[PDB]
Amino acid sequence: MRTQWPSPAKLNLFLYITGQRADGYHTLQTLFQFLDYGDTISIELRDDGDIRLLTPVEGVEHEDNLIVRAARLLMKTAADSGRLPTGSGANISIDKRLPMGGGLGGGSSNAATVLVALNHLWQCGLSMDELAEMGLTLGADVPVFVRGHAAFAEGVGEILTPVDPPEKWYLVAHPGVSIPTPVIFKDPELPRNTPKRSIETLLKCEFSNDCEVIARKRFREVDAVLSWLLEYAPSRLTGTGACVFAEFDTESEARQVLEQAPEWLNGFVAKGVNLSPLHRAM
């Protein structure tokens, strides 16, 4: 039989870069909230051990797809501890709505959703801790999606504390430019020394994204989108860009501004949700 599984977007409501190790990896303090909007993943079980992604994702080959990578990692990890019933396989299809990149975390969401879904359908019986561990090897943000709650992330992205930030409505704009994450993280002007602070401190401070000053400066398209939206509401970069979000108390106000937006904002409106649509449909 066929099952459907949400793969929501996220926003980083705040993102602080606390340090960079000698190998180049940046430590962060960041707050994740889900959008009630995203991809939908359909799965049909197989009993011949095969994994198939039936829907190509534009510009990614089958075996590099995070969906396939996640399913094969789960398969291999389970099998190595005798947790994988013989024949365990799946046909996987994605209704893909989230942009590629943008800082909405679509790739990580897809991998989280696949691990959680297949763990359940194959009855591998892995813990959420185990799924989150494994997921972190595939994408920086997979653990927040696997665990399913709005969360303050630190450590190397593995330390997650649930929080319940305001479930606002957002106008999420996608400036017409591609920003690969390394492009921002290699920038010499990137802040990399924001003081580590408590969740109690951060939650009461003004929210900002340390990547924003850089993305705005290097990419005119982000500067244009941000300038346009700040005339209406507090608006920030999510992830390492390019996407930018404007916060509103109600759907009507968000959509009021959307209807005034130029086409080049490539905007949509969605509500922040603290429990993931994945886990909710569970």
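Numbering starts at 1 and follows the sequence shown.
State which stretch shows the higher mean Cα B factor in the entry: 33-41 or 62-70.
Taking the mean C-alpha B-factor of 33-41 and of 62-70, the larger value falls to 62-70.
Averaging the C-alpha B factors as listed in the entry, name the stretch that ends up higher: 129-137 or 113-121.
Per the deposited B-factors, the answer is 129-137.
Going by the deposited entry, which of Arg255, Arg218, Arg52, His26 has the highest CA temperature factor?
Of the options given, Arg218 has the highest CA B-factor in the PDB entry.
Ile179, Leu160, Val172, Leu104, ranked by C-alpha B-factor: the highest one:
Highest C-alpha B-factor among the listed options: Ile179.
Within-chain third of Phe152 by Cα B-factor, per the entry
Middle third, going by the recorded CA B-factors of the chain.
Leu237 - Cα temperature factor, lowest/middle/highest third of chain
For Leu237, the deposited C-alpha B-factor lands in the lowest third.
If you rank the chain by CA B-factor, which third does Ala246 end up in: lowest, middle or highest?
As the PDB entry reports it, the C-alpha B-factor of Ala246 lands in the lowest third of its chain.
CA B-factor ranking of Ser208, expressed as a third of its chain:
Within its chain, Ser208 is a middle-third residue by C-alpha B-factor, going by the deposited values.
Which third, lowest, middle or highest, does the C-alpha temperature factor of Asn193 belong to within its own chain?
Top third by C-alpha B-factor.
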